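Asker: This is final.cif, which holds mmCIF, C-alpha atoms:
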```cif
data_upload
#
loop_
_atom_site.label_atom_id
_atom_site.label_comp_id
_atom_site.auth_asym_id
_atom_site.auth_seq_id
_atom_site.Cartn_x
_atom_site.Cartn_y
_atom_site.Cartn_z
CA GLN A 199 16.39 42.08 17.32
CA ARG A 200 16.55 41.06 13.65
CA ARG A 201 13.08 42.04 12.35
CA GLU A 202 13.47 45.48 10.68
CA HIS A 203 16.46 44.96 8.35
CA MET A 204 14.94 41.65 7.16
CA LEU A 205 11.68 43.40 6.09
CA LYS A 206 13.64 45.79 3.89
CA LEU A 207 15.74 42.94 2.50
CA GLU A 208 12.57 40.94 1.85
CA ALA A 209 11.28 43.88 -0.19
CA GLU A 210 14.56 44.26 -2.09
CA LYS A 211 14.48 40.58 -3.04
CA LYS A 212 10.90 41.08 -4.17
CA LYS A 213 11.83 43.90 -6.54
CA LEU A 214 14.53 41.72 -8.04
CA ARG A 215 11.86 39.05 -8.43
CA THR A 216 9.53 41.48 -10.22
CA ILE A 217 12.37 42.55 -12.50
CA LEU A 218 13.32 38.99 -13.54
CA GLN A 219 9.62 38.31 -14.05
CA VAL A 220 9.19 41.35 -16.29
CA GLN A 221 12.30 40.14 -18.12
CA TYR A 222 10.70 36.71 -18.60
CA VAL A 223 7.60 38.24 -20.17
CA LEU A 224 9.41 40.67 -22.49
CA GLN A 225 11.99 38.11 -23.58
CA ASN A 226 9.06 35.99 -24.73
CA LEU A 227 7.45 38.97 -26.51
CA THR A 228 10.65 39.09 -28.56
CA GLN A 229 9.47 35.80 -30.08
CA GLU A 230 7.55 35.97 -33.33
CA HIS A 231 5.06 33.21 -32.51
CA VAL A 232 4.14 34.77 -29.15
CA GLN A 233 3.52 38.12 -30.85
CA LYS A 234 1.06 36.66 -33.34
CA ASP A 235 -0.90 35.13 -30.49
CA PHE A 236 -1.30 38.58 -28.93
CA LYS A 237 -2.07 40.10 -32.34
CA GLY A 238 -4.99 37.69 -32.80
CA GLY A 239 -5.87 37.26 -29.13
CA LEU A 240 -4.85 33.59 -29.38
CA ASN A 241 -4.11 30.93 -26.78
CA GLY A 242 -5.20 32.76 -23.64
CA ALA A 243 -3.47 36.00 -24.60
CA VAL A 244 -5.15 39.03 -23.04
CA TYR A 245 -6.57 41.49 -25.57
CA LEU A 246 -4.48 44.59 -26.34
CA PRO A 247 -5.12 47.34 -28.90
CA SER A 248 -2.61 47.18 -31.75
CA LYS A 249 -0.61 50.30 -30.80
CA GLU A 250 -0.52 49.29 -27.12
CA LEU A 251 1.03 45.92 -28.01
CA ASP A 252 3.49 47.74 -30.29
CA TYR A 253 4.83 49.69 -27.29
CA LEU A 254 5.59 46.43 -25.48
CA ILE A 255 7.30 44.97 -28.56
CA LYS A 256 9.51 48.03 -29.09
CA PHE A 257 10.33 48.16 -25.37
CA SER A 258 11.25 44.44 -25.24
CA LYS A 259 14.00 45.02 -27.81
CA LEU A 260 15.56 47.52 -25.40
CA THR A 261 15.34 45.38 -22.26
CA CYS A 262 16.23 42.19 -24.10
CA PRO A 263 18.43 43.41 -26.94
CA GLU A 264 20.72 41.35 -29.12
CA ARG A 265 24.46 41.62 -28.45
CA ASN A 266 26.28 44.76 -29.62
CA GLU A 267 30.00 44.05 -29.70
CA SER A 268 30.64 47.77 -30.08
CA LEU A 269 29.86 47.97 -26.37
CA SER A 270 31.45 46.08 -23.52
CA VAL A 271 29.16 43.53 -21.90
CA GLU A 272 29.21 45.80 -18.85
CA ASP A 273 28.09 48.86 -20.81
CA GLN A 274 25.27 46.98 -22.53
CA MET A 275 24.02 45.47 -19.27
CA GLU A 276 24.13 49.00 -17.83
CA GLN A 277 21.93 50.19 -20.69
CA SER A 278 19.54 47.26 -20.28
CA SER A 279 19.39 47.48 -16.49
CA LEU A 280 18.30 51.11 -16.61
CA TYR A 281 15.28 50.19 -18.75
CA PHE A 282 14.16 47.73 -16.08
CA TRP A 283 14.80 50.28 -13.35
CA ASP A 284 12.89 53.11 -15.01
CA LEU A 285 10.05 50.75 -15.86
CA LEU A 286 9.54 49.81 -12.22
CA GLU A 287 9.90 53.47 -11.26
CA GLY A 288 6.97 54.12 -13.60
CA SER A 289 7.78 57.79 -14.18
CA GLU A 290 6.19 59.96 -16.87
CA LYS A 291 9.49 59.99 -18.77
CA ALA A 292 9.05 59.27 -22.47
CA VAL A 293 10.25 56.02 -24.03
CA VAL A 294 9.37 54.23 -27.31
CA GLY A 295 6.56 56.70 -28.04
CA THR A 296 4.89 56.33 -24.64
CA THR A 297 5.84 56.46 -20.95
CA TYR A 298 7.56 54.16 -18.47
CA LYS A 299 4.39 54.56 -16.44
CA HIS A 300 2.13 53.32 -19.22
CA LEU A 301 4.44 50.37 -20.00
CA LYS A 302 4.42 49.39 -16.32
CA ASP A 303 0.63 49.40 -16.39
CA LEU A 304 0.58 47.22 -19.52
CA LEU A 305 3.14 44.83 -18.05
CA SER A 306 0.92 44.37 -15.00
CA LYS A 307 -1.86 43.23 -17.33
CA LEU A 308 0.56 40.71 -18.86
CA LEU A 309 2.02 39.44 -15.56
CA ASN A 310 -1.48 39.04 -14.15
CA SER A 311 -2.54 36.95 -17.16
CA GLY A 312 -1.80 33.23 -17.42
CA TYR A 313 -0.54 33.15 -20.99
CA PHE A 314 3.06 33.00 -19.78
CA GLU A 315 2.50 30.32 -17.13
CA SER A 316 2.68 27.76 -19.92
CA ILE A 317 3.97 29.03 -23.27
CA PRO A 318 2.89 27.34 -26.55
CA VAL A 319 5.69 25.96 -28.76
CA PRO A 320 6.02 26.81 -32.49
CA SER B 196 18.14 68.16 3.37
CA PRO B 197 21.14 68.27 1.04
CA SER B 198 22.43 65.49 3.33
CA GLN B 199 19.04 63.80 3.01
CA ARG B 200 19.26 64.10 -0.78
CA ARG B 201 22.89 63.14 -1.40
CA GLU B 202 22.53 60.03 0.70
CA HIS B 203 19.38 59.17 -1.24
CA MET B 204 21.13 59.95 -4.53
CA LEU B 205 23.85 57.50 -3.49
CA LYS B 206 21.48 54.60 -2.73
CA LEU B 207 19.82 54.74 -6.15
CA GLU B 208 23.24 54.65 -7.80
CA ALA B 209 24.12 51.63 -5.69
CA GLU B 210 20.85 49.88 -6.56
CA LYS B 211 21.27 50.54 -10.29
CA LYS B 212 24.82 49.22 -10.10
CA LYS B 213 23.74 46.02 -8.35
CA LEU B 214 20.98 45.34 -10.87
CA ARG B 215 23.53 45.81 -13.67
CA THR B 216 25.88 43.40 -11.90
CA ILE B 217 23.06 40.87 -11.64
CA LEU B 218 22.37 41.10 -15.38
CA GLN B 219 26.10 40.63 -16.10
CA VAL B 220 26.31 37.57 -13.88
CA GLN B 221 23.11 36.35 -15.52
CA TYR B 222 24.64 36.79 -18.98
CA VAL B 223 27.69 34.76 -17.96
CA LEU B 224 25.82 31.95 -16.22
CA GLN B 225 23.20 31.72 -18.95
CA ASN B 226 26.07 31.25 -21.41
CA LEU B 227 27.71 28.56 -19.29
CA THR B 228 24.53 26.50 -19.76
CA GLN B 229 25.76 25.99 -23.32
CA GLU B 230 27.76 22.89 -24.25
CA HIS B 231 30.23 24.58 -26.58
CA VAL B 232 31.17 27.26 -24.02
CA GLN B 233 31.77 24.50 -21.46
CA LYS B 234 34.25 22.78 -23.81
CA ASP B 235 36.15 26.06 -24.12
CA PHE B 236 36.51 26.39 -20.32
CA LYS B 237 37.52 22.76 -19.77
CA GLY B 238 40.51 23.66 -21.94
CA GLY B 239 41.91 27.06 -22.91
CA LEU B 240 40.59 27.00 -26.46
CA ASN B 241 39.14 30.49 -27.05
CA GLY B 242 40.64 32.75 -24.40
CA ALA B 243 38.95 30.89 -21.59
CA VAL B 244 40.74 31.39 -18.28
CA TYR B 245 42.02 28.21 -16.60
CA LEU B 246 39.72 26.67 -14.03
CA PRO B 247 40.24 23.33 -12.25
CA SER B 248 37.64 20.68 -13.13
CA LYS B 249 35.72 20.83 -9.85
CA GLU B 250 35.63 24.65 -9.71
CA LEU B 251 34.21 24.99 -13.22
CA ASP B 252 31.75 22.24 -12.31
CA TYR B 253 30.51 24.47 -9.48
CA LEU B 254 29.70 27.20 -12.01
CA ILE B 255 27.86 24.81 -14.34
CA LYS B 256 25.72 23.50 -11.49
CA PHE B 257 25.01 27.00 -10.16
CA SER B 258 24.01 28.27 -13.60
CA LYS B 259 21.19 25.70 -13.80
CA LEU B 260 19.81 27.19 -10.58
CA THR B 261 20.05 30.85 -11.63
CA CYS B 262 19.06 30.03 -15.20
CA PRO B 263 16.71 27.07 -14.78
CA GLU B 264 14.32 25.49 -17.23
CA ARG B 265 10.60 26.01 -16.73
CA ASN B 266 8.86 24.07 -13.93
CA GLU B 267 5.10 24.22 -14.48
CA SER B 268 4.49 22.80 -11.01
CA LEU B 269 5.42 26.31 -9.89
CA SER B 270 3.92 29.57 -11.09
CA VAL B 271 6.26 31.86 -12.98
CA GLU B 272 6.18 34.18 -9.97
CA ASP B 273 7.15 31.34 -7.62
CA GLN B 274 9.94 30.09 -9.90
CA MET B 275 11.31 33.65 -10.16
CA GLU B 276 11.40 33.80 -6.36
CA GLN B 277 13.61 30.70 -6.14
CA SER B 278 15.75 31.77 -9.08
CA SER B 279 16.21 35.40 -7.97
CA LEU B 280 17.49 34.34 -4.54
CA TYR B 281 20.48 32.59 -6.11
CA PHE B 282 21.46 35.94 -7.65
CA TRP B 283 20.96 37.80 -4.38
CA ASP B 284 22.96 35.41 -2.19
CA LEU B 285 25.71 35.27 -4.80
CA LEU B 286 26.19 39.02 -4.54
CA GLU B 287 25.96 38.76 -0.77
CA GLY B 288 28.88 36.35 -0.98
CA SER B 289 28.33 34.70 2.41
CA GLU B 290 29.86 31.39 3.53
CA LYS B 291 26.52 29.61 3.08
CA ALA B 292 26.64 26.23 1.37
CA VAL B 293 25.34 25.78 -2.17
CA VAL B 294 26.14 23.26 -4.96
CA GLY B 295 29.03 21.71 -2.99
CA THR B 296 30.78 25.01 -2.34
CA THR B 297 29.86 28.46 -0.97
CA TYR B 298 28.23 31.59 -2.38
CA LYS B 299 31.44 33.47 -1.56
CA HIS B 300 33.61 31.11 -3.60
CA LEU B 301 31.19 31.23 -6.54
CA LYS B 302 31.28 35.03 -6.44
CA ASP B 303 35.06 35.01 -6.66
CA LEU B 304 35.01 32.55 -9.57
CA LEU B 305 32.35 34.58 -11.35
CA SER B 306 34.50 37.69 -10.97
CA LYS B 307 37.33 35.91 -12.77
CA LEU B 308 35.04 35.05 -15.69
CA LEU B 309 33.63 38.59 -15.95
CA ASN B 310 37.21 39.89 -15.96
CA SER B 311 38.46 37.36 -18.55
CA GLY B 312 36.88 39.07 -21.55
CA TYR B 313 35.94 35.66 -22.97
CA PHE B 314 32.32 36.75 -22.92
CA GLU B 315 32.82 40.03 -24.80
CA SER B 316 32.56 38.12 -28.09
CA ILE B 317 31.14 34.60 -27.94
CA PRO B 318 32.34 32.07 -30.58
CA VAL B 319 29.71 30.33 -32.75
CA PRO B 320 29.49 26.50 -33.09
#
```
Could the structure of this file be written out as structure tokens, please?

Answerer:
Amino acid sequence: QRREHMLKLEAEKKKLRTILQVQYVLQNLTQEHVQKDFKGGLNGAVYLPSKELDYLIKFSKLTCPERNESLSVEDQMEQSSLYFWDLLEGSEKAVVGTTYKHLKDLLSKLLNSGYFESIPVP
Amino acid sequence: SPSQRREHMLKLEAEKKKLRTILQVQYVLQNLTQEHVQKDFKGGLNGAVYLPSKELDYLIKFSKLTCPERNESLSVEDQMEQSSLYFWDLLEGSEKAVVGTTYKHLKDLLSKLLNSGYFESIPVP
């Protein structure tokens, strides 16, 4: 019977989905125009206190960094992948002046919003 | 318990490795969406490895699935479900049909491109 292994695989696919989704949100927070919207509460952006939004901006540069040719593509993806992993783990480990746990909570606010469903163009 | 904990230590390492591999494949495919990179691969112009015209065409088509443009008919969550599955089945490398070839064949081609070192430093237009 093929029911048990498929449930675990269904969950593993789901985590990958959540990761790519978190990536989609943060990659957009890298953009200057999106940041201003959150800074002023514009265009359906959910309200965040200024320091809370700053955590997400600093963290996005780690998950979605610009290329560093000092590292191999493999070593930089390894660095980036760990940030996604530890975010979803949501441990109390410190990162960017806060915790992976706190960032995960904030990202759930952002995923649950509708600002990213249709993103405004500059 | 130390057999409970070593086995568990091994699975996390395997999961972290797979996620890294996904991001690498994503970096490659996302870059193949670009016109100028495609011209390099059609020839041998900047260290691009040789690929026959149909095989490279498989990669270009597959990249639009893994790295699609936004479809507002679907929620972001629902478009990430479709998109993520292309990454999963690629790593699975089964004989299942996709884009006029198989996931297994695409995985082999993608391993050539990762190993080519073309992507270590990407040339600017």

Asker: Which of these, B:199, B:233, B:282, B:222, has the shortest distance to residue 315 in chain B once you count all atoms listed in the file?

Answerer: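 Nearest candidate to residue 315 in chain B out of B:199, B:233, B:282, B:222: B:222.
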
Asker: Considering only C-alpha atoms, state which residue in the set B:265, B:249, B:259, B:203 is at the smallest distance from chain A.

Answerer: B:265

Asker: Which polymer residues have any atom within 6 Å of an atom of residue 215 in chain A, counting only C-alpha atoms, with same-chain residues fewer than 2 positions away left out, as a PyMOL selection string?

Answerer: (chain A and resi 212-213+217-218) or (chain B and resi 275-276+279)

Asker: Under the rule that only C-alpha atoms are counted, which of A:311, A:225, A:270, A:233 is the nearest residue to residue 310 in chain B?

Answerer: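 Going through A:311, A:225, A:270, A:233 one by one, the smallest distance to residue 310 in chain B is for A:270.
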
Asker: Written as a list in words, which residues does the PyMOL selection byres ((chain B) within 9 of (chain A)) give for the file shown?

Answerer: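 With the PyMOL selection byres ((chain B) within 9 of (chain A)) on this model, the match is residues 211, 212, 214, 215, 216, 217, 218, 219, 222, 265, 267, 269, 270, 271, 272, 275, 276, 277, 278, 279, 280, 283, 309, 312, 314, 315 and 316 of chain B.
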
Asker: Counting only C-alpha atoms, find the residues whose atoms lie at most 12 Å from (30.7, 26.2, -25.1) (file coordinates) and write them out as number ranges by chain.

Answerer: B: 223-243, 255, 313-314, 317-320

Asker: Given the file shown, enumerate the residues that the PyMOL selection byres ((chain A and resi 224) around 12) captures and present them as an MDAnalysis selection string.

Answerer: chainID A and resid 217:223 225:230 232:233 251 253:263 281:282 301:302 304:306 308:309 314

Asker: For C-alpha atoms, please extract range 215-312 of chain B from the block and return it as an mmCIF file, in the first residue's frame.

Answerer:
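Once written, part_28.cif looks like this:
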```cif
data_model
loop_
_atom_site.group_PDB
_atom_site.id
_atom_site.type_symbol
_atom_site.label_atom_id
_atom_site.label_comp_id
_atom_site.auth_asym_id
_atom_site.auth_seq_id
_atom_site.Cartn_x
_atom_site.Cartn_y
_atom_site.Cartn_z
ATOM 1 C CA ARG B 215 21.282 23.865 -1.592
ATOM 2 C CA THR B 216 21.159 21.798 -4.779
ATOM 3 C CA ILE B 217 17.728 23.223 -5.554
ATOM 4 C CA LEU B 218 19.016 26.789 -5.170
ATOM 5 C CA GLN B 219 21.969 25.982 -7.462
ATOM 6 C CA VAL B 220 19.708 24.519 -10.129
ATOM 7 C CA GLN B 221 17.456 27.538 -9.656
ATOM 8 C CA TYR B 222 20.409 29.899 -10.182
ATOM 9 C CA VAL B 223 21.335 28.128 -13.416
ATOM 10 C CA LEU B 224 17.823 27.902 -14.847
ATOM 11 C CA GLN B 225 16.959 31.462 -13.856
ATOM 12 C CA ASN B 226 20.057 32.553 -15.791
ATOM 13 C CA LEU B 227 19.103 30.509 -18.855
ATOM 14 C CA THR B 228 15.947 32.650 -19.069
ATOM 15 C CA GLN B 229 18.276 35.407 -20.269
ATOM 16 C CA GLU B 230 18.794 36.012 -23.987
ATOM 17 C CA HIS B 231 22.521 36.729 -23.852
ATOM 18 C CA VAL B 232 23.294 33.541 -21.893
ATOM 19 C CA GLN B 233 21.327 31.559 -24.478
ATOM 20 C CA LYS B 234 23.496 32.960 -27.295
ATOM 21 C CA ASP B 235 26.593 31.805 -25.421
ATOM 22 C CA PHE B 236 25.286 28.216 -25.156
ATOM 23 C CA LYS B 237 24.139 28.010 -28.778
ATOM 24 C CA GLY B 238 27.818 28.531 -29.576
ATOM 25 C CA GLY B 239 30.886 28.147 -27.364
ATOM 26 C CA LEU B 240 31.478 31.862 -26.905
ATOM 27 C CA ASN B 241 32.242 32.304 -23.187
ATOM 28 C CA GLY B 242 33.218 28.888 -21.866
ATOM 29 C CA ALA B 243 29.788 27.454 -22.519
ATOM 30 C CA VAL B 244 29.876 23.674 -22.846
ATOM 31 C CA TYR B 245 28.627 22.273 -26.161
ATOM 32 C CA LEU B 246 24.991 21.239 -26.254
ATOM 33 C CA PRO B 247 23.041 20.098 -29.329
ATOM 34 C CA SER B 248 20.245 22.471 -30.367
ATOM 35 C CA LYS B 249 17.359 20.319 -29.144
ATOM 36 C CA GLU B 250 18.976 19.480 -25.791
ATOM 37 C CA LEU B 251 19.651 23.127 -24.932
ATOM 38 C CA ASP B 252 16.093 23.870 -26.052
ATOM 39 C CA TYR B 253 14.887 21.435 -23.385
ATOM 40 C CA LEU B 254 16.672 23.482 -20.721
ATOM 41 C CA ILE B 255 15.240 26.785 -21.972
ATOM 42 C CA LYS B 256 11.707 25.387 -21.924
ATOM 43 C CA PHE B 257 12.170 23.816 -18.487
ATOM 44 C CA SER B 258 13.558 27.041 -17.033
ATOM 45 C CA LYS B 259 10.315 28.886 -17.859
ATOM 46 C CA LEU B 260 8.483 26.303 -15.746
ATOM 47 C CA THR B 261 10.823 26.425 -12.744
ATOM 48 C CA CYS B 262 11.317 30.165 -13.103
ATOM 49 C CA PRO B 263 7.975 31.347 -14.478
ATOM 50 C CA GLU B 264 6.545 34.826 -14.761
ATOM 51 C CA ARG B 265 3.718 35.815 -12.442
ATOM 52 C CA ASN B 266 0.223 34.423 -13.137
ATOM 53 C CA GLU B 267 -2.319 36.437 -11.159
ATOM 54 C CA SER B 268 -5.022 33.882 -11.944
ATOM 55 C CA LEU B 269 -3.201 31.816 -9.321
ATOM 56 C CA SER B 270 -2.306 32.866 -5.797
ATOM 57 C CA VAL B 271 1.397 33.130 -5.056
ATOM 58 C CA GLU B 272 1.019 30.032 -2.886
ATOM 59 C CA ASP B 273 -0.606 28.098 -5.730
ATOM 60 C CA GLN B 274 1.982 29.218 -8.295
ATOM 61 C CA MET B 275 4.780 28.182 -5.900
ATOM 62 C CA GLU B 276 3.181 24.737 -5.664
ATOM 63 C CA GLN B 277 3.344 24.235 -9.439
ATOM 64 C CA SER B 278 6.808 25.750 -9.696
ATOM 65 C CA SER B 279 8.321 23.870 -6.743
ATOM 66 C CA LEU B 280 7.240 20.495 -8.155
ATOM 67 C CA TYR B 281 9.434 20.997 -11.218
ATOM 68 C CA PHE B 282 12.429 21.303 -8.869
ATOM 69 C CA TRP B 283 11.408 18.237 -6.874
ATOM 70 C CA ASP B 284 10.836 15.930 -9.848
ATOM 71 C CA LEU B 285 14.058 17.145 -11.450
ATOM 72 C CA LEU B 286 16.033 15.981 -8.425
ATOM 73 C CA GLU B 287 14.014 12.769 -8.384
ATOM 74 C CA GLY B 288 15.228 12.227 -11.937
ATOM 75 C CA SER B 289 12.509 9.762 -12.953
ATOM 76 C CA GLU B 290 11.649 8.781 -16.533
ATOM 77 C CA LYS B 291 8.480 10.909 -16.437
ATOM 78 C CA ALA B 292 7.796 13.045 -19.493
ATOM 79 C CA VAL B 293 8.219 16.819 -19.376
ATOM 80 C CA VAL B 294 8.937 19.454 -22.077
ATOM 81 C CA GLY B 295 9.526 16.813 -24.776
ATOM 82 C CA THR B 296 12.091 14.870 -22.757
ATOM 83 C CA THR B 297 12.350 13.355 -19.258
ATOM 84 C CA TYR B 298 13.183 14.670 -15.786
ATOM 85 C CA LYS B 299 16.123 12.250 -15.727
ATOM 86 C CA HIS B 300 17.621 13.618 -18.941
ATOM 87 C CA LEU B 301 17.172 17.213 -17.745
ATOM 88 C CA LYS B 302 18.940 16.348 -14.495
ATOM 89 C CA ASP B 303 21.912 14.979 -16.409
ATOM 90 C CA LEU B 304 22.072 18.064 -18.630
ATOM 91 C CA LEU B 305 21.788 20.351 -15.621
ATOM 92 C CA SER B 306 24.683 18.518 -13.977
ATOM 93 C CA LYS B 307 26.843 19.297 -17.009
ATOM 94 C CA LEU B 308 26.035 23.014 -16.728
ATOM 95 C CA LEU B 309 26.707 23.134 -12.971
ATOM 96 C CA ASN B 310 30.031 21.402 -13.630
ATOM 97 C CA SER B 311 31.005 23.683 -16.549
ATOM 98 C CA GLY B 312 31.957 26.676 -14.403
#
```
